[PDB]
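Heads up: the sequence shown is residues 11 to 84, 354 to 356, 358 to 454, 467 to 588, going by the deposited numbering.
From the three backbone atoms N, C-alpha and C, an ideal C-beta is built for every residue, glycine too.
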Amino acid sequence: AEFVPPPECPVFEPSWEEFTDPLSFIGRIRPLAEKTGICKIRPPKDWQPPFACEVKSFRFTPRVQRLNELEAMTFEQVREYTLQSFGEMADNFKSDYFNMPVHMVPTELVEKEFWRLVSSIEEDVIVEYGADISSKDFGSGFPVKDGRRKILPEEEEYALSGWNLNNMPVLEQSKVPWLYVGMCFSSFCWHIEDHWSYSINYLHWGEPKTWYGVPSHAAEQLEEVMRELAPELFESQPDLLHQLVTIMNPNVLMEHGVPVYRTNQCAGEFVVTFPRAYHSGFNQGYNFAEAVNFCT
Ligand SMILES: CC(C)c1c(-c2cnn(C(C)(C)C)c2)[nH]c2c(C#N)cnn2c1=O
Ligand SMILES: [Mn+2]
């Protein structure tokens, strides 16, 4: 059977008056976005933050990911890349897999093929991605007043903007942004954030990032479906460890009454996940994202 795309999550296009402050805006859209788990925010057209990462020194060792790892139970280790050398590998993989220029591959085709490969036992596809990349060690994608890099006058409005993820509040009453370097089919499984916190993700550039989200009111139903279909060796594991292998086709959740919403996060767009909103997804191609957990 072919993959059935879930319904689209809400997309918001705030004006310059509404793009004022993120927390104020997120609080106003909450009555709708909390009912879908995730939402997308498109900044005004002329809000274009410049990429501040030192690409001349950005070197990292990605990790290997096999799409049908869970179906194999029912050695692939890697080289150091630069941001450019990784992009050349990522584009070569996608163009060779689909036999067409990378920007010509439709997003619905990659989505259908991704979930086919996840459940396919007759074809093993291996991809790589950069995760667990702290902006404190590699530098943020947004301009910042750090004491280790120079910002221009044109960059100052973005270093001080409330939508700069380095300026989000991360202290709960009684933390730095992380980086993601993706390629086609690189994916993250279903999870919620620590302390059930909010999370905001900005796609600096590259090909889209496909999201799936579940509202918080269905969190227990997802976990029940997950426990009923997960392998017996992983069902008894704590959720912190179990969330490392909780890959599941969204149609499986939808067939059991779990509401799922999707979206294609494009370059220059924000995605916000609400408290206890399970989410997962995959990258359509070579891209660069930055994310942080914040609190209200
Ligand atoms: C494919 C990669 C680069 C990726 C991952 C991911 C994959 N594995 N990991 C661990 C936890 C280190 C094992 C993280 N997460 C996310 C989110 C969220 N939330 C949003 N985009 N995104 C990604 O692009
Ligand atoms: Mn997350």
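Looking from the CA of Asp31, the closest CA among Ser528, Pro449, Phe574 belongs to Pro449. Contact between the region 414-422 and the region 46-62 is present: three or more C-beta pairs spanning the two stretches fall below 8 angstroms. In this structure, ligand 2 has a non-hydrogen atom nearer than 7 angstroms to the beta-carbon of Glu485. Taking 7 angstroms as the cut-off, the C-beta of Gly474 counts as close to a heavy atom of ligand 1. With respect to the C-alpha of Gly505, the residue from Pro567, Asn78, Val14, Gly47 having the closest C-alpha is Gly47. Here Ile51 carries a strand assignment [DSSP, helix/strand/coil].
In the structure shown, the three-state DSSP call for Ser508 is helix.
Judged by DSSP in its simplified three-state form, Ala569 adopts coil rather than helix or strand. A residue is called buried when at least 16 other Cβ atoms come within 10 angstroms of its Cβ; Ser365 does not meet this threshold and is exposed.
At the C-beta level, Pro542 and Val552 come within 8 angstroms of one another. A residue is called buried once 16 or more other Cβ atoms fall within 10 Å of its Cβ, and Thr502 is buried on that count.
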